[PDB]
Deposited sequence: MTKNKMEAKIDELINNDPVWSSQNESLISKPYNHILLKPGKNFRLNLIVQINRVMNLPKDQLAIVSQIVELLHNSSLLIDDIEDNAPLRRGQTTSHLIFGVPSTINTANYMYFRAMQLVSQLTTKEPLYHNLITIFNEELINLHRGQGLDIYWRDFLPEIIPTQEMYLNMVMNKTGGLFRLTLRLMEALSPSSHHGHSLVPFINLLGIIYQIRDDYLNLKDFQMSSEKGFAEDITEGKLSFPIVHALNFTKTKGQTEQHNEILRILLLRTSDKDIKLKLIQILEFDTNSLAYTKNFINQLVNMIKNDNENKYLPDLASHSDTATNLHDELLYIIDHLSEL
């Protein structure tokens, strides 16, 4: 009698969700919340001319996707720090962080319908959202597979660049394409910026450590731009031993500074991968500065 009634009031309503419940599961996200991406949206806008109301929502959407991606990336990469602070999954656990991060992807999708009331356009914005997230996951999927199944596949410079067009280019293209569709193409340019962004991120990760950083990419074992170069150069030049030692070090998932410094000096003096990467970056930057 009273039970059947309670159950009947239950199944005949939307599920109950409290602001307290909301707060409790947003902890991993609130943690990572502690302007440049915002600055990038603004400069792009000096061309896209979106009104401030909309620029604002484009921003909220991009921050949510961006922060969610990092929460997950740190789980995927087993990173202990992000922005000099302890990583969310280590504080709240992998379970909550994965769920909160995926939760936010969906809150992000929800925000898209606050951009328009035009059914044709809205459909377009969603397809953009859907497409760049699909691309993001593909790049990230390759990067993780190459790394976790090494030495199964040794990627070439070409493969690495295609993985980067997907992985990083994904959110760059997403932001700009939403804006371009909202404007009352800068895709190639934004693609080049993402590539430069990723190769500089790979490089400085070792160059900072070498100069003084943690070179956490070595610990992770990633097929970074410098590593891909060193791995193919050594294969090509008959340096069997170096090629193997590079792989062994990546596969140690080591935190020892000396072992990391040894790998880095291999890329500096033996394969010349650091100079190569440095130069490749400049060449890319000049492709713009000489536009």
property	result
Missing stretches, numbered from 1 on the deposited chain sequence and kept in order	1 to 3, 38 to 41, 192 to 197, 226 to 228, 308 to 340
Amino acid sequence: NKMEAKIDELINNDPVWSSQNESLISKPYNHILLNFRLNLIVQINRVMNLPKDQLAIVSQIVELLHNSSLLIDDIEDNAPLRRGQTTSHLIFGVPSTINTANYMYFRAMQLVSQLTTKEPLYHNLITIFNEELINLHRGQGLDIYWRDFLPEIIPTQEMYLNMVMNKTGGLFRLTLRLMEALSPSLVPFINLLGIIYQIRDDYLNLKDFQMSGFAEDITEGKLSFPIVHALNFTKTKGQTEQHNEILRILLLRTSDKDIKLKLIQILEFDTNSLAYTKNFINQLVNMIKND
From here on, numbers count along this sequence of modelled residues.
item: Missing coords for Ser212 in a third or more of other PDB entries; value: yes
item: Flanks modelled, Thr236 absent in at least a third of other entries; value: no
item: Between the two ranges 41 to 49 and 219 to 227, the one averaging a larger CA B factor in the entry; value: 41 to 49
item: Residue stretch of maximal mean CA temperature factor, 203 to 211 vs 86 to 94; value: 203 to 211
item: From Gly141, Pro155, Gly194, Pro120, residue of greatest CA B-factor; value: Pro120
item: Criterion, highest CA B-factor; candidates, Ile75, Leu150, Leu133, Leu182; value: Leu182
item: Chain thirds of CA B-factor: placement of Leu115; value: highest
item: Among modelled residues of the same chain, the CA temperature factor third for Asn244; value: lowest
item: Third of the chain, ranked by Cα B-factor, where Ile61 sits; value: middle
item: Relative C-alpha B-factor of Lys27, binned into the chain's lowest, middle or highest third; value: middle
item: Ranked C-alpha temperature factor of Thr254 among modelled chain residues, by third; value: lowest
